[PDB]
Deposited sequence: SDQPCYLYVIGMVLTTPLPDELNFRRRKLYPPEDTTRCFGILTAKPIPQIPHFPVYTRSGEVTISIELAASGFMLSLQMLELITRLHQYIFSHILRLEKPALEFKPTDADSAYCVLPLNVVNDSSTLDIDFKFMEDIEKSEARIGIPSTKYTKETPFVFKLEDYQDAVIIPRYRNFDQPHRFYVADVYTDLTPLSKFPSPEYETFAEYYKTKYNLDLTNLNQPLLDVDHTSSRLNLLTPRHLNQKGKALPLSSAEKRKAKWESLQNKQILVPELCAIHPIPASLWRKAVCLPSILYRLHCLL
């Protein structure tokens, strides 16, 4: 049975105006990075009007466009694609009901020409940070090395708490004027290094390291449109989450880039709309 491949076209048509940028984030046009998502199906998707999703960066216009049709795929590749599809909703979004068609998969350019990113899928399956927390072996003789490039489009997790279910953060800023020896926000500890040593008994091998600003990755399920004591408490906690300053040495980098993660959170809205 032949396949149809669609691209989930995303463009940021109305960036979030300053008066609405409460969390004071950078805005990230999806169109700025080539890797995106597509849909692979056995039957054609009826033409559907362009529609908005309202993301953190502003209003994004979604277009579902045909990329390829009439081709075949081997059982091996379909299995790989299926696994990644399942990975997206169970491990990235942590969602039991994808649509609040058949396989979502990553596309990338080969040259400005979108096709199935098999390499990326394989990289995910080989990653030691694929599911939870990868092992490390930092010592004085083999210390942690900070490479800025690895933090530019990164999602990170703390390696030292919550291991059944790690909190994933976007790296929002790299604070090059700070180190683990900078003064700690709470007065019960003098430094970041002391905090982590006293609380978790963690030793640092690198004391020249920049520190990181973060932005939680959590997103509401329905983004198709742009209160309570409970919502207050939740917003307060999110504010504190976002005030956290993390030590790169103490975090692991997730194999899914930040730019793709931002597109992932739109998927349920889009699949819901398609099934309507």
Open item on the list: Which parts of the deposited sequence lack C-alpha coordinates in this model? Number from residue 1, please.
Closed with: 1 to 2, 103 to 111, 122 to 123, 240 to 250, 301 to 302
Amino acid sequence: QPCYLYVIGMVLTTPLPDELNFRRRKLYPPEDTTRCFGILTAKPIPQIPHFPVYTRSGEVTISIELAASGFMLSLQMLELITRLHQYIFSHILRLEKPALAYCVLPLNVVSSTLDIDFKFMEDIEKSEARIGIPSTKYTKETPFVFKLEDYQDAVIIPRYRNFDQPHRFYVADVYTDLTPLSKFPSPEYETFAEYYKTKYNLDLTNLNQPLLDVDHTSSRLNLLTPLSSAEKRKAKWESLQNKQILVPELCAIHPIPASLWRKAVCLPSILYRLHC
From here on, numbers count along this sequence of modelled residues.
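Just so we're on the same page, rigid core means the largest C-alpha set that superposes within 1.5 Å between forms.
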Task: Positional deviation of Cα atoms in 6 other deposited structures of this protein after core superposition, greater for 233 to 241 or 212 to 220 - done: 233 to 241
TODO: Find the stretch among 77 to 85 and 132 to 140 with the larger RMS C-alpha deviation in 6 other deposited structures of this protein, all structures being superposed on the shown form by the rigid core.
DONE: 132 to 140
- [ ] Compare the other PDB entries of this protein and indicate whether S111 is left unmodelled in at least a third of them.
- [x] yes
Task: Gap at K97 across at least one third of the other PDB entries - done: yes
- [ ] With reference to the PDB entry, specify whether the mean Cα temperature factor is higher for 51 to 59 or for 236 to 244.
- [x] 236 to 244
TODO: Would you mind comparing 119 to 127 and 154 to 162 for me and telling me which has the higher average C-alpha temperature factor in the entry?
DONE: 119 to 127
Task: Per the PDB entry, maximal CA B factor within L223, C36, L250, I45 - done: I45
Task: Residue with maximal Cα B-factor (values as given in the PDB entry) among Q86, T191, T139, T113 - done: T113
Open item on the list: When the deposited Cα B-factors of this chain's modelled residues are ordered and cut into thirds, is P30 in the lowest, the middle or the highest one?
Closed with: lowest
Open item on the list: Quick check for you: using the entry's CA B-factors within this chain, is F146 in the lowest, middle or highest third?
Closed with: middle
- [ ] Please place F71 in the lowest, middle or highest third of its chain by C-alpha B factor as given in the entry.
- [x] middle
TODO: Using the B-factor values recorded in the entry, state whether the Cα atom of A99 falls in the lowest, middle or highest third among the modelled residues of its chain.
DONE: highest
Task: Assigned third (lowest, middle, highest) for the C-alpha B factor of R168 - done: lowest
